[PDB]
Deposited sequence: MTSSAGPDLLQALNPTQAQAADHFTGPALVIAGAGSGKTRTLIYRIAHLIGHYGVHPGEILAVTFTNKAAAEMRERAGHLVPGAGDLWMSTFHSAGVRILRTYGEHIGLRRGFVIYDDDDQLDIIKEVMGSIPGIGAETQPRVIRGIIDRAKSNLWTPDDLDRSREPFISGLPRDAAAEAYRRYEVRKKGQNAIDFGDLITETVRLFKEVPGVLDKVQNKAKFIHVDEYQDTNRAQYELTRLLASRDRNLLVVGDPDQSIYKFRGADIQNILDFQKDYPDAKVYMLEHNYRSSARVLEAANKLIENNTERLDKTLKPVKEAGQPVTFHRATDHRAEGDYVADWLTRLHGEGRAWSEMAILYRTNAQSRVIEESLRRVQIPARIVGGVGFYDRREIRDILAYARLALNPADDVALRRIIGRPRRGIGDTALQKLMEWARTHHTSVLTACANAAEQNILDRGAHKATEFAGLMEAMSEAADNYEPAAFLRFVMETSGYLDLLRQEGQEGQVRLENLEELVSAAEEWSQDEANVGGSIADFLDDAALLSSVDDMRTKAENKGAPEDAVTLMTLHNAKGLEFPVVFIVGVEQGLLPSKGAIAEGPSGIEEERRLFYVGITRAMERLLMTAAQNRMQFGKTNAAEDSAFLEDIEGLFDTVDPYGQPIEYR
């Protein structure tokens, strides 16, 4: 583990950091992940720290996964390290200490779908018909800022989201209480409740801080008030906290992420040491230059840059097309050309501000028989068929999971319907009972028709499943739940239609077998992770061109990148245009992220005209193109300078 052998000099210094706090600024391509793992390896090896004591924190599972494998190769006793998501940590903490704040065994975690359920119910009598999601987001940003239904409606300005302080705040008020009644927490709770647990019960904070003596928090620019608070609490005792971020890459301010957190970090921790990694290995010099010039525009953020390390590669180009249709045609003309130049589909990707944009693009590649992968924004990431099965699992684990019940009741159809269902629910509400136990007593207590049995059968097979969970392995249990539920059969028709949703379900079952390989482990446990998995994180690249939003692009890189619809009111989104400068800066950060993702060549497009939501209008051109004028060549349809 010789840091000077392993790493860059500036890296080695950051990896050499030991106690007290440090800020690590990592621009793109900076080999931050490597650096940070060795530091972990150094801390244990060189400074004789304990793995028990080290906590690494990231935002995504991919990240945490990469973190854990890499560590394993390099660090002995890697098993004993706590690397996970803010959420995954939150789960772990609350599963172990929930009872101190009134969470019973075994409470449930509501995913984003499940929230809506509740929301629709609580809406019934509030001043505010419309849409329920809206409200879901209102809550989510509220819980993210660490806001309470009370101090929400104490908000100076009454219409931050449509509806008055109280009309908004009431929904959140009601949503809270019912949620709690059901014995459950949403995804933000895992952070916000955990904060509250620490704050109330400090003695609990300690028992934890013995497991988190040293702390890495990645992407500290995306961090939010609530995540901020939690981190401070964890680190408050020993101040051994190293947060790696990049201020020019906060692109989730709508998620309520606070760029100020990382800016204020050396103000928050006056003693902290600073380290800056400005070296970009990933990208071309011409790319980086474009990127660096673009970015210096954002006002008064931390003084840093992208040090080139590859020769100034191929030029950056910017074609404009009359047609938003033409640009899609234009894009395919090129992916062909380059696939012919000797360059694989995997090597190339297309980035768009909004998902809508994928269709014209997609349809264009589809005409020149060009493989396409769309990092789905319209369609769930393996989510619908996975979360269903869990609904069975989660209802089998406790029969009072009425949210789980409402969802799997439709799949497959049991011949239970709006009438039966609501009857069973009216009765249940009226006697303080689980909808499912209502099912179980349909025949015993007067629910007319001989549907009763369709209700009694469901309870019967649910409870069959419950016995199984007690007496089976995780993998076998999903084989049981799958075949008995008949999700396979209904999905076999929709499977004959699809067949894939059947496959990653088999893949899920496989991953369940992998769960029991690693040491340690309750069924309840496997499910705790699965609930957070979006996209079934654990098969090699598809060999397609990739399509994704710029937001989606973050932390990924491609030899070839296409950035499309680089126009005013698209990029530099009109919405953000209303926000004034503060908003424009955020957009600029977004544009910046794309550029930094391109390794060898970057093509840019906009249209003369574009259609959105019906009609066709004159497309303006992106002001950020000004910001980088001269650092790119404009072009006709074929690659000609003009």
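Colleague: Return the ranges of the deposited sequence not covered by C-alpha coordinates, sorted by sequence position.
Modeller: Comparing the full sequence with the modelled residues, the uncovered ranges come out as 1-6, 135-137, 530-532, 551-558, 663-665.
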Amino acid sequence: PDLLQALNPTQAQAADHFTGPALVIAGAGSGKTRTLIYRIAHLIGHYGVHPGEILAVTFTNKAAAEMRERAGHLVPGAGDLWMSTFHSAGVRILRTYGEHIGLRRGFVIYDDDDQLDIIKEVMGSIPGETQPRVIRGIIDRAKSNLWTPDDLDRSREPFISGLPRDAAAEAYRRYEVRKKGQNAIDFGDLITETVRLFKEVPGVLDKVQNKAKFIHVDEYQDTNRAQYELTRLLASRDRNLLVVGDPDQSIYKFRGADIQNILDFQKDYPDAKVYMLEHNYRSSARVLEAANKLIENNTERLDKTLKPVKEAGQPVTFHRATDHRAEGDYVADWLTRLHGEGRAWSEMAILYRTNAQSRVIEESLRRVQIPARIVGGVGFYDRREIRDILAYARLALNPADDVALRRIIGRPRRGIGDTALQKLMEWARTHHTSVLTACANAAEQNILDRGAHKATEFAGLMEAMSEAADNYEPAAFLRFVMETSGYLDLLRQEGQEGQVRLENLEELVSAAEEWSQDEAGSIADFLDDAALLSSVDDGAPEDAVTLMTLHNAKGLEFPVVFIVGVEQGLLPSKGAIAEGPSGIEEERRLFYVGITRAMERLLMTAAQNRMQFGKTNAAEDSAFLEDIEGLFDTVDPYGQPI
From here on, numbers count along this sequence of modelled residues.
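Colleague: Between 170-178 and 545-553, name whichever shows the higher mean Cα B factor according to the PDB entry.
Modeller: Higher of the two, by average CA B-factor, is 170-178.
Colleague: Return whichever of 447-455 and 396-404 has the greater mean Cα B factor according to the PDB record.
Modeller: Result: 447-455.
Colleague: By the entry's C-alpha temperature factors, tell me which of 202, 539, 245, 137 sits highest.
Modeller: Highest CA B-factor of the listed options: 539.
Colleague: Quick one: which of 388, 112, 289, 153 has the biggest Cα B-factor according to the entry?
Modeller: The record points to 153.
Colleague: Is the Cα B-factor recorded for residue 47 in the lowest, middle or highest third of its chain?
Modeller: Middle third of the chain for residue 47's C-alpha B-factor.
Colleague: According to the PDB entry, is the CA B factor of residue 607 in the bottom, middle or top third of its chain, that is, lowest, middle or highest?
Modeller: As the PDB entry reports it, the C-alpha B-factor of residue 607 lands in the middle third of its chain.
Colleague: Lowest, middle or highest third: where is residue 72 by Cα B-factor in its chain?
Modeller: Highest third.
Colleague: Quick one: classify residue 642 as lowest, middle or highest third of the chain based on its Cα B-factor.
Modeller: Residue 642: CA B-factor falls in the highest third of its chain.
Colleague: When the deposited Cα B-factors of this chain's modelled residues are ordered and cut into thirds, is residue 345 in the lowest, the middle or the highest one?
Modeller: For residue 345, the deposited C-alpha B-factor lands in the middle third.
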